[PDB]
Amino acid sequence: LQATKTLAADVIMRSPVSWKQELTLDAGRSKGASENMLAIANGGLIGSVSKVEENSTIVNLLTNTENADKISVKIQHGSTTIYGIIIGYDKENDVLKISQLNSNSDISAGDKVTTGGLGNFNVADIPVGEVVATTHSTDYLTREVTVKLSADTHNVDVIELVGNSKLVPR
(Lines of atoms letter the chains of each structure in order from A and count residues from 1; the text may use other names and numbers.)
(Lines give C-alpha, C1' and ligand atoms only; values in the text may rest on other atoms or scores of the structure.)
Protein backbone atom coordinates (compact mmCIF):
# COMPACT_ATOMS: atom_id res chain seq x y z
CA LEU A 1 0.00 0.00 0.00
CA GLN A 2 1.18 3.49 -0.90
CA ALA A 3 0.65 7.20 -0.48
CA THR A 4 1.59 9.69 -3.20
CA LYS A 5 1.62 13.38 -3.96
CA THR A 6 1.06 14.58 -7.49
CA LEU A 7 1.29 17.71 -9.60
CA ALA A 8 0.01 18.17 -13.16
CA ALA A 9 1.63 20.88 -15.26
CA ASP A 10 1.80 22.06 -18.88
CA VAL A 11 4.62 21.15 -21.25
CA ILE A 12 6.26 24.42 -22.25
CA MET A 13 9.45 23.06 -23.88
CA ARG A 14 10.35 19.77 -25.61
CA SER A 15 13.82 18.96 -26.86
CA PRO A 16 14.04 18.36 -30.62
CA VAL A 17 17.31 16.38 -30.44
CA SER A 18 17.60 12.60 -30.05
CA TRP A 19 20.72 12.91 -27.86
CA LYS A 20 18.86 14.71 -24.99
CA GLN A 21 15.17 13.91 -24.78
CA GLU A 22 13.43 16.00 -22.21
CA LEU A 23 10.46 18.19 -21.43
CA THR A 24 10.07 21.33 -19.33
CA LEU A 25 6.93 21.80 -17.28
CA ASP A 26 5.52 25.12 -16.05
CA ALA A 27 5.43 24.20 -12.31
CA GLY A 28 8.07 23.51 -9.82
CA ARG A 29 9.09 23.76 -6.23
CA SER A 30 6.72 26.63 -5.43
CA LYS A 31 3.88 24.21 -6.32
CA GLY A 32 5.38 21.12 -4.71
CA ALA A 33 7.60 19.55 -7.38
CA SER A 34 10.27 17.34 -5.78
CA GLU A 35 13.38 15.55 -6.86
CA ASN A 36 11.95 12.05 -6.01
CA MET A 37 9.25 12.43 -8.60
CA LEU A 38 8.49 10.37 -11.63
CA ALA A 39 6.51 11.65 -14.60
CA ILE A 40 3.43 10.06 -16.19
CA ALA A 41 1.27 10.54 -19.26
CA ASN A 42 -1.49 8.44 -20.68
CA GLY A 43 -1.45 6.21 -17.53
CA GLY A 44 2.18 5.20 -17.82
CA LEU A 45 5.73 6.20 -16.97
CA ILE A 46 7.32 8.67 -19.39
CA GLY A 47 10.30 9.98 -17.45
CA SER A 48 11.93 11.12 -14.22
CA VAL A 49 12.43 14.58 -12.76
CA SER A 50 15.96 15.73 -13.48
CA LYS A 51 15.83 19.31 -12.15
CA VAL A 52 13.41 21.29 -10.02
CA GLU A 53 13.48 25.10 -10.32
CA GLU A 54 11.22 27.46 -8.37
CA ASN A 55 8.62 27.66 -11.17
CA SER A 56 9.57 24.92 -13.67
CA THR A 57 10.67 21.31 -13.73
CA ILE A 58 12.73 19.40 -16.30
CA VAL A 59 11.74 15.79 -17.01
CA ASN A 60 14.24 13.32 -18.51
CA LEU A 61 12.43 11.05 -20.88
CA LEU A 62 12.71 7.26 -20.91
CA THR A 63 13.72 7.21 -24.59
CA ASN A 64 17.25 8.50 -23.92
CA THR A 65 19.98 6.18 -25.17
CA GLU A 66 21.79 6.21 -21.84
CA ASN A 67 19.96 6.74 -18.54
CA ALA A 68 21.88 7.52 -15.34
CA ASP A 69 18.83 7.94 -13.09
CA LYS A 70 18.74 4.38 -11.65
CA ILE A 71 14.96 4.23 -11.86
CA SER A 72 13.78 1.12 -10.02
CA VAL A 73 11.46 -1.25 -11.91
CA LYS A 74 9.96 -4.61 -11.27
CA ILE A 75 8.82 -7.41 -13.57
CA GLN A 76 6.00 -9.80 -12.67
CA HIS A 77 6.51 -13.39 -13.81
CA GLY A 78 3.56 -15.39 -12.57
CA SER A 79 3.79 -15.30 -8.78
CA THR A 80 7.40 -13.99 -8.63
CA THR A 81 8.72 -10.46 -8.85
CA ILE A 82 12.10 -9.47 -10.29
CA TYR A 83 13.57 -6.06 -9.50
CA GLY A 84 16.01 -4.12 -11.67
CA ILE A 85 16.83 -0.63 -12.92
CA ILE A 86 16.35 1.23 -16.18
CA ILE A 87 19.74 1.77 -17.90
CA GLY A 88 18.75 3.23 -21.30
CA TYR A 89 16.80 2.85 -24.49
CA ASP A 90 17.57 1.28 -27.85
CA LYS A 91 16.27 3.73 -30.38
CA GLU A 92 16.70 1.36 -33.35
CA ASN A 93 14.73 -1.52 -31.74
CA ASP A 94 12.34 0.84 -29.85
CA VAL A 95 12.83 -0.81 -26.47
CA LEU A 96 13.74 0.20 -22.94
CA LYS A 97 16.72 -1.61 -21.37
CA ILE A 98 16.69 -2.95 -17.81
CA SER A 99 19.50 -4.60 -15.90
CA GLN A 100 20.82 -5.27 -12.38
CA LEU A 101 18.19 -7.96 -11.94
CA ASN A 102 17.76 -9.41 -8.44
CA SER A 103 16.69 -12.88 -9.62
CA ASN A 104 17.47 -15.60 -12.13
CA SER A 105 13.73 -16.32 -12.54
CA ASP A 106 12.51 -17.00 -16.02
CA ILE A 107 11.26 -13.83 -17.70
CA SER A 108 8.90 -14.10 -20.67
CA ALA A 109 7.56 -11.90 -23.40
CA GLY A 110 4.42 -10.13 -22.13
CA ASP A 111 5.46 -10.03 -18.47
CA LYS A 112 4.33 -6.73 -16.99
CA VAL A 113 6.83 -4.09 -15.92
CA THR A 114 6.00 -1.42 -13.36
CA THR A 115 8.03 0.94 -11.19
CA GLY A 116 9.66 -0.78 -8.23
CA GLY A 117 9.80 2.01 -5.65
CA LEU A 118 13.43 1.42 -4.62
CA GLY A 119 16.20 3.99 -4.81
CA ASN A 120 15.59 7.68 -5.33
CA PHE A 121 12.45 7.47 -7.50
CA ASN A 122 10.63 5.71 -4.74
CA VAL A 123 7.11 5.30 -6.12
CA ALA A 124 6.07 1.78 -7.02
CA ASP A 125 3.43 0.29 -9.34
CA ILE A 126 3.34 2.86 -12.13
CA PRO A 127 2.92 1.01 -15.48
CA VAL A 128 6.10 0.96 -17.60
CA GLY A 129 5.48 -1.64 -20.31
CA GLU A 130 5.77 -5.28 -21.17
CA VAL A 131 8.77 -7.51 -21.64
CA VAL A 132 9.96 -8.19 -25.17
CA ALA A 133 12.92 -10.48 -24.39
CA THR A 134 16.03 -11.04 -22.39
CA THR A 135 19.60 -11.00 -23.62
CA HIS A 136 22.90 -12.01 -22.03
CA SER A 137 20.48 -14.53 -20.61
CA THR A 138 23.02 -17.03 -19.21
CA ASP A 139 25.43 -14.40 -17.78
CA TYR A 140 26.07 -14.74 -14.08
CA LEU A 141 25.17 -11.12 -13.33
CA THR A 142 24.50 -9.18 -16.51
CA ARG A 143 21.25 -10.53 -17.92
CA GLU A 144 19.32 -7.64 -19.48
CA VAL A 145 15.65 -7.22 -20.29
CA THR A 146 14.16 -5.28 -23.19
CA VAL A 147 10.75 -3.72 -22.70
CA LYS A 148 8.12 -2.18 -24.96
CA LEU A 149 6.90 1.06 -23.37
CA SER A 150 3.18 1.38 -22.89
CA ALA A 151 3.11 5.20 -22.84
CA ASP A 152 4.83 8.11 -24.54
CA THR A 153 4.54 11.87 -24.77
CA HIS A 154 3.52 12.18 -28.45
CA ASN A 155 0.82 14.86 -28.69
CA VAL A 156 0.75 15.16 -24.91
CA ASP A 157 0.83 18.63 -23.39
CA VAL A 158 0.15 17.99 -19.68
CA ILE A 159 2.38 15.74 -17.57
CA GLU A 160 1.69 14.47 -14.09
CA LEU A 161 4.56 14.36 -11.59
CA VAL A 162 4.17 11.73 -8.83
CA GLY A 163 6.24 11.24 -5.66
CA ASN A 164 5.98 9.15 -2.51
CA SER A 165 4.42 11.17 0.28
CA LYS A 166 5.67 9.04 3.17
CA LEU A 167 8.61 10.45 5.05
CA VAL A 168 10.48 7.14 5.46
CA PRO A 169 9.01 4.28 3.41
CA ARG A 170 9.84 1.05 5.20
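Start at 1 with the first residue shown and count on from there.
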Look up the CA B-factors in the entry and say which stretch, 136 to 144 or 120 to 128, has the higher mean.
136 to 144
Test of understanding: from the entry's C-alpha B-factors, which stretch has the higher mean, 10 to 18 or 151 to 159?
151 to 159
The residue of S48, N67, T114, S30 with the maximal C-alpha B-factor according to the PDB record is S30
Could you place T57 in the lowest, middle or highest third of its chain by Cα temperature factor, using the values in the record?
middle
Check where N164 lands among this chain's C-alpha B-factors and tell me if it's the lowest, middle or highest third.
middle
Using the temperature factors of the C-alpha atoms in this entry, rank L38 within its chain: lowest, middle or highest third.
lowest
Split the chain's modelled residues into thirds by Cα B-factor; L101 lands in the lowest
